[PDB]
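Structure file run14.cif with mmCIF, C-alpha atoms and all ligand atoms:
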data_work
#
loop_
_atom_site.label_atom_id
_atom_site.label_comp_id
_atom_site.auth_asym_id
_atom_site.auth_seq_id
_atom_site.Cartn_x
_atom_site.Cartn_y
_atom_site.Cartn_z
CA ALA A 1 15.71 -0.98 -21.58
CA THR A 2 12.70 -3.31 -22.23
CA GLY A 3 9.32 -2.43 -23.84
CA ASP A 4 7.58 -2.92 -20.45
CA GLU A 5 10.10 -0.65 -18.60
CA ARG A 6 9.35 2.34 -20.92
CA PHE A 7 5.56 1.61 -21.17
CA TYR A 8 5.11 1.47 -17.34
CA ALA A 9 7.46 4.43 -16.60
CA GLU A 10 6.35 6.82 -19.40
CA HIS A 11 2.62 5.89 -19.89
CA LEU A 12 0.86 3.38 -17.56
CA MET A 13 2.08 4.52 -14.09
CA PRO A 14 1.64 8.31 -14.74
CA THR A 15 -1.90 7.63 -16.14
CA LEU A 16 -2.83 5.47 -13.09
CA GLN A 17 -1.31 8.13 -10.75
CA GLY A 18 -3.57 10.73 -12.46
CA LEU A 19 -6.73 8.61 -11.73
CA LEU A 20 -6.01 7.30 -8.14
CA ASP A 21 -4.96 8.86 -4.78
CA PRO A 22 -1.75 7.16 -3.56
CA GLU A 23 -3.40 5.02 -0.80
CA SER A 24 -6.04 3.66 -3.28
CA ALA A 25 -3.25 2.99 -5.87
CA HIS A 26 -1.22 1.12 -3.15
CA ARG A 27 -4.26 -1.03 -2.16
CA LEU A 28 -4.85 -1.95 -5.87
CA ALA A 29 -1.07 -2.70 -6.32
CA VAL A 30 -1.13 -5.07 -3.28
CA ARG A 31 -4.30 -6.83 -4.57
CA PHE A 32 -2.96 -7.20 -8.17
CA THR A 33 0.39 -8.47 -6.77
CA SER A 34 -1.42 -10.98 -4.46
CA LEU A 35 -3.35 -12.32 -7.56
CA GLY A 36 -0.14 -12.58 -9.73
CA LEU A 37 -1.50 -9.88 -12.14
CA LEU A 38 1.98 -8.52 -12.95
CA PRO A 39 4.29 -8.47 -15.97
CA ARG A 40 6.54 -11.46 -16.77
CA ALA A 41 9.97 -11.24 -14.98
CA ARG A 42 12.19 -11.42 -18.15
CA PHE A 43 15.48 -11.16 -16.14
CA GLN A 44 17.09 -14.59 -15.31
CA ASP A 45 19.19 -14.00 -12.12
CA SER A 46 22.93 -14.67 -12.87
CA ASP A 47 25.36 -16.26 -10.34
CA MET A 48 27.04 -12.76 -10.06
CA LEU A 49 24.02 -11.49 -8.05
CA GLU A 50 23.94 -14.31 -5.44
CA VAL A 51 24.80 -13.15 -1.84
CA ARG A 52 25.36 -15.32 1.28
CA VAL A 53 24.55 -13.35 4.51
CA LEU A 54 22.35 -13.61 7.74
CA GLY A 55 22.65 -17.45 7.53
CA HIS A 56 20.92 -17.55 4.08
CA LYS A 57 21.50 -17.63 0.29
CA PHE A 58 19.91 -14.65 -1.53
CA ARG A 59 19.40 -15.36 -5.33
CA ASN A 60 19.75 -11.56 -5.90
CA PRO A 61 20.38 -8.64 -3.53
CA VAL A 62 17.23 -6.56 -4.37
CA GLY A 63 14.40 -6.81 -1.80
CA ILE A 64 11.01 -5.14 -1.31
CA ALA A 65 11.23 -2.75 1.71
CA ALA A 66 8.83 -2.91 4.69
CA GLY A 67 5.55 -1.04 4.24
CA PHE A 68 4.53 -2.28 0.75
CA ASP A 69 3.13 -5.59 2.12
CA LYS A 70 2.31 -4.53 5.74
CA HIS A 71 0.08 -7.59 6.41
CA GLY A 72 1.80 -10.46 4.46
CA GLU A 73 -0.85 -10.57 1.66
CA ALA A 74 1.40 -10.45 -1.45
CA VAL A 75 4.62 -12.37 -0.59
CA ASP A 76 4.37 -14.92 -3.47
CA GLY A 77 3.51 -12.16 -6.03
CA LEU A 78 6.58 -10.18 -4.81
CA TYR A 79 8.90 -13.16 -5.52
CA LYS A 80 7.20 -13.47 -8.96
CA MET A 81 8.09 -9.77 -9.55
CA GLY A 82 11.80 -10.76 -9.21
CA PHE A 83 12.70 -9.63 -5.66
CA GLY A 84 15.50 -11.74 -4.11
CA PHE A 85 13.90 -11.37 -0.65
CA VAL A 86 10.63 -10.01 0.82
CA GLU A 87 10.13 -8.06 4.05
CA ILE A 88 6.56 -7.76 5.41
CA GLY A 89 5.23 -5.38 8.06
CA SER A 90 5.55 -3.46 10.18
CA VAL A 91 3.20 -5.75 12.20
CA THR A 92 1.88 -4.52 15.61
CA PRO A 93 0.77 -6.89 18.40
CA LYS A 94 -2.93 -5.86 18.33
CA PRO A 95 -4.74 -4.70 15.15
CA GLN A 96 -4.78 -0.90 14.75
CA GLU A 97 -6.24 1.47 12.11
CA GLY A 98 -3.34 3.98 11.93
CA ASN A 99 -3.81 7.72 11.18
CA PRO A 100 -6.86 9.32 9.51
CA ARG A 101 -6.87 9.66 5.67
CA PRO A 102 -5.39 11.19 3.69
CA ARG A 103 -2.05 9.96 5.16
CA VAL A 104 0.19 9.49 2.09
CA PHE A 105 1.16 12.11 -0.53
CA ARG A 106 2.99 11.92 -3.91
CA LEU A 107 5.73 14.50 -4.76
CA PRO A 108 6.03 13.63 -8.47
CA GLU A 109 8.41 16.56 -9.27
CA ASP A 110 10.82 15.14 -6.61
CA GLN A 111 10.26 11.37 -7.36
CA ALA A 112 9.33 11.26 -3.65
CA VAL A 113 6.51 10.26 -1.27
CA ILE A 114 5.58 11.56 2.21
CA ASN A 115 3.67 9.09 4.41
CA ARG A 116 2.14 9.16 7.90
CA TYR A 117 0.27 5.82 7.88
CA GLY A 118 0.95 5.41 11.64
CA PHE A 119 1.43 1.58 11.65
CA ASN A 120 -1.94 0.47 10.23
CA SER A 121 -1.70 -3.29 10.96
CA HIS A 122 -3.92 -6.41 10.86
CA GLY A 123 -1.96 -7.43 14.04
CA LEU A 124 0.22 -10.45 14.90
CA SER A 125 -2.56 -13.14 15.02
CA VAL A 126 -3.95 -12.37 11.52
CA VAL A 127 -0.43 -12.22 9.99
CA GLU A 128 0.57 -15.43 11.91
CA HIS A 129 -2.35 -17.37 10.33
CA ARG A 130 -1.57 -15.89 6.84
CA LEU A 131 2.10 -17.01 7.04
CA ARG A 132 1.15 -20.45 8.53
CA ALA A 133 -1.02 -21.13 5.42
CA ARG A 134 2.16 -21.00 3.23
CA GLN A 135 4.84 -21.97 5.84
CA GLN A 136 6.17 -25.02 3.92
CA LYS A 137 5.95 -23.16 0.55
CA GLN A 138 8.17 -20.48 2.23
CA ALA A 139 10.58 -23.15 3.61
CA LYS A 140 11.22 -24.28 -0.03
CA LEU A 141 11.56 -20.64 -1.25
CA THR A 142 14.13 -19.92 1.51
CA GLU A 143 16.04 -23.14 0.61
CA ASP A 144 15.99 -21.94 -3.07
CA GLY A 145 17.55 -18.55 -2.06
CA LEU A 146 14.37 -16.40 -1.55
CA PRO A 147 14.22 -15.53 2.19
CA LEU A 148 11.41 -13.81 4.15
CA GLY A 149 11.83 -10.98 6.66
CA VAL A 150 9.27 -9.77 9.19
CA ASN A 151 9.35 -6.20 10.49
CA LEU A 152 7.90 -5.79 14.03
CA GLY A 153 6.26 -2.65 15.37
CA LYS A 154 4.55 -1.55 18.58
CA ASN A 155 0.96 -0.43 19.23
CA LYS A 156 0.31 3.32 19.61
CA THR A 157 -1.11 2.91 23.17
CA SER A 158 1.49 0.31 24.40
CA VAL A 159 2.77 0.93 28.00
CA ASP A 160 5.85 -1.36 27.44
CA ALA A 161 7.54 -1.09 23.98
CA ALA A 162 10.00 -3.92 24.75
CA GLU A 163 7.11 -6.32 25.55
CA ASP A 164 5.38 -5.45 22.20
CA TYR A 165 8.62 -6.42 20.34
CA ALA A 166 9.02 -9.59 22.51
CA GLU A 167 5.42 -10.63 21.57
CA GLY A 168 6.33 -10.16 17.87
CA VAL A 169 9.48 -12.30 18.27
CA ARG A 170 7.46 -15.12 19.93
CA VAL A 171 4.56 -15.04 17.41
CA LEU A 172 6.22 -14.33 14.02
CA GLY A 173 9.86 -15.22 14.80
CA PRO A 174 9.12 -18.92 14.07
CA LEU A 175 7.82 -18.00 10.56
CA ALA A 176 10.67 -15.58 9.60
CA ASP A 177 14.24 -15.90 8.23
CA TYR A 178 14.97 -12.51 9.85
CA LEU A 179 13.12 -10.11 12.19
CA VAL A 180 13.47 -6.30 12.19
CA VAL A 181 13.06 -3.96 15.21
CA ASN A 182 12.66 -0.23 14.18
CA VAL A 183 14.31 2.27 16.39
CA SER A 184 12.87 4.43 13.51
CA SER A 185 9.20 5.00 12.23
CA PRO A 186 8.77 8.82 12.05
CA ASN A 187 4.99 8.33 12.68
CA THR A 188 4.68 6.90 16.27
CA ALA A 189 5.40 9.02 19.43
CA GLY A 190 8.45 7.57 21.31
CA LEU A 191 9.99 4.91 18.97
CA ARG A 192 13.18 6.71 17.68
CA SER A 193 13.87 8.14 21.23
CA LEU A 194 14.79 4.73 22.79
CA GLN A 195 18.24 5.68 21.33
CA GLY A 196 19.04 6.49 25.01
CA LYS A 197 21.87 3.96 25.02
CA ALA A 198 21.04 1.93 28.22
CA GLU A 199 17.34 1.80 27.10
CA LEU A 200 18.35 0.52 23.57
CA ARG A 201 20.57 -2.13 25.27
CA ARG A 202 17.64 -3.15 27.57
CA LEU A 203 15.17 -3.46 24.60
CA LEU A 204 17.55 -5.43 22.32
CA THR A 205 18.70 -7.72 25.24
CA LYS A 206 14.99 -8.68 25.76
CA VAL A 207 14.41 -9.22 22.00
CA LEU A 208 17.57 -11.41 21.64
CA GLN A 209 16.64 -13.47 24.78
CA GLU A 210 13.19 -14.21 23.24
CA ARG A 211 14.78 -15.10 19.82
CA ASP A 212 17.34 -17.43 21.53
CA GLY A 213 14.35 -19.19 23.24
CA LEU A 214 12.97 -20.40 19.89
CA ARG A 215 13.68 -23.91 18.58
CA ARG A 216 16.74 -23.93 16.24
CA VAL A 217 14.75 -24.51 12.94
CA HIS A 218 12.51 -21.54 13.97
CA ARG A 219 15.25 -19.12 15.18
CA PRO A 220 15.56 -16.02 12.97
CA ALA A 221 18.34 -13.44 12.55
CA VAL A 222 17.51 -10.10 14.33
CA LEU A 223 18.23 -6.75 12.61
CA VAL A 224 17.74 -3.15 13.83
CA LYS A 225 16.29 -0.61 11.34
CA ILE A 226 17.42 2.99 11.87
CA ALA A 227 16.40 6.46 10.79
CA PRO A 228 18.51 8.68 8.54
CA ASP A 229 18.02 11.55 11.09
CA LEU A 230 20.26 10.22 13.93
CA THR A 231 22.89 12.45 15.60
CA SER A 232 26.59 11.34 15.39
CA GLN A 233 26.18 10.38 19.10
CA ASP A 234 23.08 8.22 18.32
CA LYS A 235 25.02 6.37 15.53
CA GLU A 236 28.10 5.78 17.81
CA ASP A 237 25.74 4.43 20.56
CA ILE A 238 23.85 2.07 18.15
CA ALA A 239 27.15 0.70 16.67
CA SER A 240 28.40 0.05 20.27
CA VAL A 241 25.21 -1.77 21.41
CA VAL A 242 24.94 -3.81 18.17
CA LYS A 243 28.54 -5.12 18.57
CA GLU A 244 28.13 -5.69 22.38
CA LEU A 245 24.92 -7.80 21.98
CA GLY A 246 25.76 -9.59 18.67
CA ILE A 247 22.80 -8.09 16.72
CA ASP A 248 22.85 -9.88 13.32
CA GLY A 249 22.53 -6.80 11.07
CA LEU A 250 21.25 -3.28 10.40
CA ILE A 251 18.65 -1.89 7.96
CA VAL A 252 19.76 1.62 6.87
CA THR A 253 17.49 3.59 6.46
CA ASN A 254 13.82 4.33 7.20
CA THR A 255 12.20 7.55 5.86
CA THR A 256 13.44 11.05 6.83
CA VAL A 257 11.55 13.70 8.89
CA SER A 258 13.97 16.22 7.29
CA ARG A 259 12.94 18.28 4.23
CA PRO A 260 16.06 18.70 2.09
CA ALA A 261 16.43 22.07 0.37
CA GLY A 262 15.10 21.91 -3.22
CA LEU A 263 11.86 19.89 -2.82
CA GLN A 264 9.36 21.20 -5.41
CA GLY A 265 6.17 19.18 -4.75
CA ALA A 266 3.17 21.21 -3.55
CA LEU A 267 2.82 18.70 -0.65
CA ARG A 268 6.45 19.01 0.63
CA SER A 269 5.31 20.47 4.06
CA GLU A 270 2.93 17.55 4.89
CA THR A 271 3.83 15.79 8.17
CA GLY A 272 5.45 12.37 7.72
CA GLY A 273 8.45 10.44 6.46
CA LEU A 274 10.01 11.36 3.10
CA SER A 275 11.11 8.51 0.77
CA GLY A 276 12.50 8.24 -2.79
CA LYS A 277 15.15 10.29 -4.59
CA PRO A 278 15.59 13.09 -1.98
CA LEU A 279 16.44 10.42 0.67
CA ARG A 280 18.94 8.50 -1.51
CA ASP A 281 22.30 10.13 -0.63
CA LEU A 282 21.38 10.73 3.08
CA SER A 283 20.72 6.93 3.26
CA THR A 284 23.97 6.03 1.38
CA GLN A 285 26.02 8.25 3.76
CA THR A 286 24.30 6.60 6.80
CA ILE A 287 25.30 3.14 5.41
CA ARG A 288 28.90 4.38 4.97
CA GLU A 289 29.06 5.65 8.60
CA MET A 290 27.45 2.51 10.13
CA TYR A 291 29.77 0.19 8.11
CA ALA A 292 32.86 2.08 9.41
CA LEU A 293 31.59 2.17 13.06
CA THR A 294 30.93 -1.64 12.96
CA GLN A 295 34.30 -2.37 11.20
CA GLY A 296 32.42 -4.04 8.30
CA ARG A 297 31.54 -7.01 10.63
CA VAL A 298 27.73 -6.30 10.74
CA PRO A 299 25.69 -6.98 7.57
CA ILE A 300 23.76 -3.93 6.33
CA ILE A 301 20.61 -3.88 4.19
CA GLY A 302 20.77 -0.52 2.35
CA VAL A 303 17.45 1.25 1.61
CA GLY A 304 16.33 4.76 0.53
CA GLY A 305 15.96 6.13 -2.98
CA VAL A 306 17.13 3.05 -4.96
CA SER A 307 15.69 3.18 -8.50
CA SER A 308 18.69 2.14 -10.67
CA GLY A 309 21.68 -0.22 -10.74
CA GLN A 310 23.94 2.79 -10.00
CA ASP A 311 21.83 3.60 -6.88
CA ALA A 312 22.10 -0.07 -5.73
CA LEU A 313 25.88 -0.35 -6.41
CA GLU A 314 26.60 2.96 -4.58
CA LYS A 315 24.93 1.49 -1.43
CA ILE A 316 26.77 -1.88 -1.89
CA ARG A 317 30.15 -0.07 -2.26
CA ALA A 318 29.29 2.03 0.83
CA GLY A 319 28.83 -1.21 2.85
CA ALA A 320 25.40 -2.79 2.07
CA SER A 321 25.26 -6.59 1.52
CA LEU A 322 21.65 -6.31 0.23
CA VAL A 323 19.39 -3.43 -0.85
CA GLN A 324 15.63 -2.78 -0.73
CA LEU A 325 13.29 -0.41 -2.54
CA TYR A 326 9.67 0.75 -2.24
CA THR A 327 9.11 4.27 -3.63
CA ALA A 328 10.71 3.42 -7.07
CA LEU A 329 8.08 0.65 -7.51
CA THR A 330 5.41 3.29 -6.74
CA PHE A 331 6.64 5.50 -9.71
CA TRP A 332 8.03 3.00 -12.31
CA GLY A 333 5.97 -0.16 -11.53
CA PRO A 334 7.07 -3.83 -11.52
CA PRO A 335 9.61 -3.54 -14.42
CA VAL A 336 11.92 -1.44 -12.15
CA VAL A 337 13.02 -4.64 -10.33
CA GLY A 338 14.49 -6.26 -13.49
CA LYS A 339 15.89 -2.83 -14.50
CA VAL A 340 17.85 -2.47 -11.22
CA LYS A 341 19.15 -6.08 -11.43
CA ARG A 342 20.22 -5.79 -15.13
CA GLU A 343 21.93 -2.40 -14.52
CA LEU A 344 23.67 -3.67 -11.32
CA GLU A 345 25.07 -6.79 -13.11
CA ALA A 346 26.42 -4.57 -15.98
CA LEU A 347 28.06 -2.07 -13.54
CA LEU A 348 29.68 -4.87 -11.47
CA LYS A 349 31.36 -6.13 -14.72
CA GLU A 350 32.33 -2.55 -15.81
CA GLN A 351 34.01 -1.88 -12.38
CA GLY A 352 35.93 -5.25 -12.32
CA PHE A 353 33.85 -7.04 -9.58
CA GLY A 354 33.37 -10.85 -9.91
CA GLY A 355 30.00 -10.46 -8.15
CA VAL A 356 28.02 -8.51 -5.51
CA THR A 357 30.08 -10.06 -2.68
CA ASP A 358 33.38 -8.54 -4.00
CA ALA A 359 31.79 -5.02 -4.15
CA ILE A 360 30.45 -4.96 -0.55
CA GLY A 361 32.23 -2.07 1.25
CA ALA A 362 34.66 -1.57 -1.72
CA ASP A 363 34.73 2.24 -1.17
CA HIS A 364 36.28 1.74 2.33
CA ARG A 365 39.30 -0.07 0.73
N1 LIG A 401 0.06 -12.73 -16.67
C1 LIG A 401 0.63 -11.38 -16.60
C2 LIG A 401 -0.40 -10.37 -16.13
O1 LIG A 401 -1.51 -10.71 -15.78
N2 LIG A 401 0.03 -9.11 -16.18
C3 LIG A 401 -0.65 -7.98 -15.82
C4 LIG A 401 0.05 -6.79 -15.92
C5 LIG A 401 -0.54 -5.57 -15.57
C6 LIG A 401 -1.86 -5.52 -15.11
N3 LIG A 401 -2.45 -4.37 -14.85
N4 LIG A 401 -3.62 -4.13 -15.59
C7 LIG A 401 -3.95 -2.90 -15.19
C8 LIG A 401 -5.20 -2.23 -15.71
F1 LIG A 401 -5.12 -0.91 -15.67
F2 LIG A 401 -5.39 -2.60 -16.95
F3 LIG A 401 -6.26 -2.60 -15.02
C9 LIG A 401 -3.02 -2.37 -14.31
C10 LIG A 401 -1.98 -3.32 -14.18
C11 LIG A 401 -0.92 -3.14 -13.16
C12 LIG A 401 -0.42 -1.86 -12.89
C13 LIG A 401 0.48 -1.62 -11.88
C14 LIG A 401 0.84 -2.67 -11.04
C15 LIG A 401 0.28 -4.00 -11.28
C16 LIG A 401 0.69 -5.06 -10.46
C17 LIG A 401 1.55 -4.83 -9.40
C18 LIG A 401 2.12 -3.61 -9.11
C19 LIG A 401 2.96 -3.43 -8.04
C20 LIG A 401 3.52 -2.21 -7.78
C21 LIG A 401 3.19 -1.10 -8.57
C22 LIG A 401 2.34 -1.22 -9.64
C23 LIG A 401 1.77 -2.45 -9.92
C24 LIG A 401 -0.61 -4.21 -12.33
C25 LIG A 401 -2.56 -6.73 -15.03
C26 LIG A 401 -1.97 -7.95 -15.37
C1 LIG A 402 4.12 4.28 2.23
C2 LIG A 402 5.27 3.75 3.08
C3 LIG A 402 5.07 2.94 4.17
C4 LIG A 402 6.14 2.44 4.93
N1 LIG A 402 5.88 1.67 6.02
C5 LIG A 402 6.95 1.12 6.68
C6 LIG A 402 6.76 0.20 7.83
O1 LIG A 402 5.64 -0.19 8.18
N2 LIG A 402 7.92 -0.22 8.42
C7 LIG A 402 9.16 0.15 8.10
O2 LIG A 402 10.17 -0.30 8.72
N3 LIG A 402 9.44 0.97 7.05
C8 LIG A 402 8.33 1.45 6.37
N4 LIG A 402 8.60 2.29 5.30
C9 LIG A 402 9.95 2.68 4.91
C10 LIG A 402 10.54 1.86 3.79
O3 LIG A 402 10.70 0.49 4.25
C11 LIG A 402 11.90 2.39 3.41
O4 LIG A 402 12.78 2.29 4.56
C12 LIG A 402 11.88 3.87 2.92
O5 LIG A 402 10.64 4.17 2.26
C13 LIG A 402 13.06 4.15 2.01
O6 LIG A 402 13.06 3.40 0.79
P1 LIG A 402 12.46 3.98 -0.59
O7 LIG A 402 13.11 5.33 -0.83
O8 LIG A 402 12.95 2.99 -1.59
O9 LIG A 402 10.93 3.99 -0.44
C14 LIG A 402 7.49 2.77 4.54
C15 LIG A 402 7.73 3.59 3.43
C16 LIG A 402 6.62 4.07 2.71
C17 LIG A 402 6.93 4.92 1.50
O1 LIG A 403 3.37 3.23 9.24
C1 LIG A 403 4.04 4.23 8.98
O2 LIG A 403 3.63 5.42 9.04
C2 LIG A 403 5.48 4.07 8.67
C3 LIG A 403 6.30 3.27 9.41
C4 LIG A 403 7.71 3.27 9.17
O3 LIG A 403 8.55 2.60 9.79
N1 LIG A 403 8.15 4.16 8.24
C5 LIG A 403 7.36 5.00 7.48
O4 LIG A 403 7.85 5.79 6.67
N2 LIG A 403 6.02 4.95 7.77
#

Take the structure in this file and express it as structure tokens.
Ligand SMILES: NCC(=O)Nc1ccc(-n2nc(C(F)(F)F)cc2-c2ccc3c(ccc4ccccc43)c2)cc1
Ligand SMILES: Cc1cc2nc3c(=O)[nH]c(=O)nc-3n(C[C@H](O)[C@H](O)[C@H](O)COP(=O)(O)O)c2cc1C
Ligand SMILES: O=C(O)c1cc(=O)[nH]c(=O)[nH]1
Amino acid sequence: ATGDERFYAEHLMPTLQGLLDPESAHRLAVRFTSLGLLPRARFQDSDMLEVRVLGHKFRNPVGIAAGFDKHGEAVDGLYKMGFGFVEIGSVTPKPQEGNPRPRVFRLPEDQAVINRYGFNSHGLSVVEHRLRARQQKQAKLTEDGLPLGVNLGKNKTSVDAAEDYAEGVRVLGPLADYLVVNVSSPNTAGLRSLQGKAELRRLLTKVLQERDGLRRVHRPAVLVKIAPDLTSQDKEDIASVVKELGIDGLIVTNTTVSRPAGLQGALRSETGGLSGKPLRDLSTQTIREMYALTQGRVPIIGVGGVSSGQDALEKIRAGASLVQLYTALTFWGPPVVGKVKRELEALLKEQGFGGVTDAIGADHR
């Protein structure tokens, strides 16, 4: 463990958390990240951590989850922090304010957060112009193994969810290495309930037709991001549609609307999605199920409660090719990224894996 890891985890982040409400702390974290005001990434990525998936090289398998950089303001700072890939968004077609404040709550005793932001978004046109300003810088980053994902949402008052996603594909698809469609924010009325199988097939058919219409250099992979709260029937139906349509991958999982027994935080009964440690094993088990139902042929990005190398390797062994985190960064600060990478490399060696690739889905064998 480094000097920075202990200083951020034991002293700086708890002190800042004592001074700032979580939304103010997030806004300051995005601004500092955007300005490069972040500790030196002392972890040189080894060859063991390189992954080839979704038509791209990934220098390391640890990404920043959607929601940290909703509006594409801090992408370059996030690579500087040591992430192997960045996902921005969710981005909605039109700008929207999201829910009234307060709308995010820390559960420090649980190493958890509850959020109900409600897709606050600068909208597609603002994010398009932001990504255009650094499009060729991003082309070089992607070529050097640091890809960019864009997570697409829908407006609260949309009368045609599939058309909102199609607009996102047309506008930001040409600027993305991969696109994500949520069947899964807990904080918009109707999004998770297009699990109705024929309706999911109709939505994803439209999204894939729009993606296929882009020029080859500008044609991203398309992934579906799912909730951890799906029925067995919902998971069977998603696996079926994903294989039928040739969806490129899955992101498993979003936040949970469940409240696991044992939460201690005073704010545990706030409305919203729960993230961090209490989500971890529900997310790992969802990865394991989706990997089996897709016969290991559909790349999975594993997300929920990753804050250590062990957490990352458990999701990789369950079937994830890549992992993401958000809530750990909230609690432990920037040093957590190097921590996860160092711990994951050590555990791969301890368990006899030549690299990340050899560990993907190892538990199923
Ligand atoms: N050339 C190196 C350099 O300028 N380093 C630097 C390191 C820390 C800070 N910094 N200074 C403060 C304070 F309190 F003194 F003003 C706070 C931090 C800090 C604290 C937490 C985060 C970040 C940056 C991002 C971030 C993202 C996710 C969560 C927490 C934070 C920066 C500023 C600069
Ligand atoms: C404050 C907050 C905002 C989020 N916003 C989004 C979003 O806009 N789109 C999305 O797909 N996921 C969003 N997520 C979910 C994360 O991408 C991730 O799936 C989830 O938080 C689990 O990872 P974690 O336990 O490492 O935070 C958000 C999560 C948090 C905590
Ligand atoms: O904007 C939000 O409220 C949000 C979106 C999402 O997909 N997940 C989440 O936990 N919150």

Write out, as CSV, each residue of chain A that has an atom at most 7 Å from ligand LIG 402 (chain A), together with the closest pair of atoms and their distance in Å to one decimal, counting only C-alpha atoms and all ligand atoms, rows going by chain and rising number.
residue,atom,partner,partner_atom,distance
A:65,CA,A:LIG402,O3,4.2
A:66,CA,A:LIG402,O3,3.9
A:67,CA,A:LIG402,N1,3.3
A:68,CA,A:LIG402,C3,6.3
A:70,CA,A:LIG402,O1,6.0
A:89,CA,A:LIG402,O1,5.2
A:90,CA,A:LIG402,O1,3.8
A:104,CA,A:LIG402,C1,6.5
A:113,CA,A:LIG402,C17,6.0
A:114,CA,A:LIG402,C17,6.8
A:115,CA,A:LIG402,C1,5.3
A:117,CA,A:LIG402,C3,6.7
A:119,CA,A:LIG402,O1,5.7
A:151,CA,A:LIG402,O2,6.2
A:182,CA,A:LIG402,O2,6.0
A:185,CA,A:LIG402,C7,6.4
A:225,CA,A:LIG402,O2,6.7
A:253,CA,A:LIG402,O4,5.2
A:254,CA,A:LIG402,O4,3.5
A:255,CA,A:LIG402,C12,4.7
A:275,CA,A:LIG402,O7,4.1
A:276,CA,A:LIG402,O7,3.6
A:277,CA,A:LIG402,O7,6.5
A:279,CA,A:LIG402,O7,6.3
A:280,CA,A:LIG402,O7,6.7
A:303,CA,A:LIG402,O6,5.0
A:304,CA,A:LIG402,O7,3.5
A:305,CA,A:LIG402,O7,3.7
A:306,CA,A:LIG402,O8,5.4
A:324,CA,A:LIG402,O8,6.4
A:325,CA,A:LIG402,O8,3.5
A:326,CA,A:LIG402,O9,3.9
A:327,CA,A:LIG402,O9,3.7
A:328,CA,A:LIG402,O8,5.9

Checklist entry - If you count all atoms listed in the file, which residues end up within 10 Å of ligand LIG 401 (chain A), as a PyMOL selection string? => result chain A and resi 4+8+12-13+15-17+25-41+68+74+77-78+81+326-336

Item to check | Counting all atoms listed in the file, the residue of A:107, A:169, A:287, A:224 that sits nearest residue 270 (chain A) | outcome: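 Closest residue, counting all atoms listed in the file: A:107.
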
Give the centre and edge lengths of an axis-aligned box, in Å to one decimal, that holds all listed atoms of ligand LIG 403 (chain A) with 6 Å on each side, as lines of an AutoDock Vina configuration file.
center_x = 6.0
center_y = 4.2
center_z = 8.2
size_x = 17.2
size_y = 15.2
size_z = 15.1

Next on the checklist: Which residue is closest to ligand LIG 403 (chain A)? Choose from A:238, A:266, A:152, A:356 and count all atoms listed in the file.
Outcome noted: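 Going through A:238, A:266, A:152, A:356 one by one, the smallest distance to ligand LIG 403 (chain A) is for A:152.
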
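Residue neighbourhood of residue 227 (chain A), excluding near-sequence residues (fewer than 6 positions): residues 182, 183, 184, 185, 186, 192, 235, 251, 252, 253, 254, 255, 256, 257, 273, 283 and 286 of chain A, at 10 Å, using all atoms listed in the file.
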
Next on the checklist: Ranking A:272, A:309, A:95, A:299 by minimum distance to ligand LIG 403 (chain A) and counting all atoms listed in the file, which one comes first?
Outcome noted: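 Closest candidate: A:272.
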
Item to check | Two-atom distance - CA of residue 96 (chain A), CA of residue 259 (chain A) (Å) | outcome: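 Computing the Euclidean distance for CA of residue 96 (chain A) and CA of residue 259 (chain A) yields 28.2 Å.
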
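Of note, CA of residue 250 (chain A) and CA of residue 223 (chain A) are spaced 5.1 Å apart.
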